[PDB]
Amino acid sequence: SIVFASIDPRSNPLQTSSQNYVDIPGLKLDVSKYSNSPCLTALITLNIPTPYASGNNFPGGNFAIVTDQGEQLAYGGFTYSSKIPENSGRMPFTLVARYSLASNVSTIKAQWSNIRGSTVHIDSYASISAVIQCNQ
């Protein structure tokens, strides 16, 4: 089966200047119905196709996929190659994780954080999705 969540914050863009990972609002998957299922795995894709980061010390952004149990399943990020980008451009980002649903997990969700004091921005479509399948 498929679980999916998307956002499209054009009118009210999202930003973070947090050095610690914080949730991205709206990018949460409920896997409640599959908790404690030794027979199931989720393949989770976080898609942030058009982020940018503003700043003056090689800005960028980081993203993670995490469970409600606080387990960080995957992480990565983008950064620019100039110290002070002329105008911070859109750097597409995707992240893929796996999670065994054997444990008592109920949520898989997206998080983000800054780097080198940047501000990370999302102002357009983004999604988190999972394909949940039997291990056989």
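All residue numbers refer to positions in the sequence shown, first residue = 1.
Per-stretch averaging of Cα B factors for 19-27 and 123-131 places 19-27 on top. Stretch comparison (98-106 versus 44-52) by mean CA B-factor in the PDB entry places 98-106 on top.
Highest C-alpha temperature factor among 93, 34, 75, 80, as the PDB entry reports it: 34. Residue 70 sits in the highest third of its chain by CA B factor, as recorded in the PDB entry. In the PDB entry, residue 38 places in the highest third of its chain by CA B-factor.
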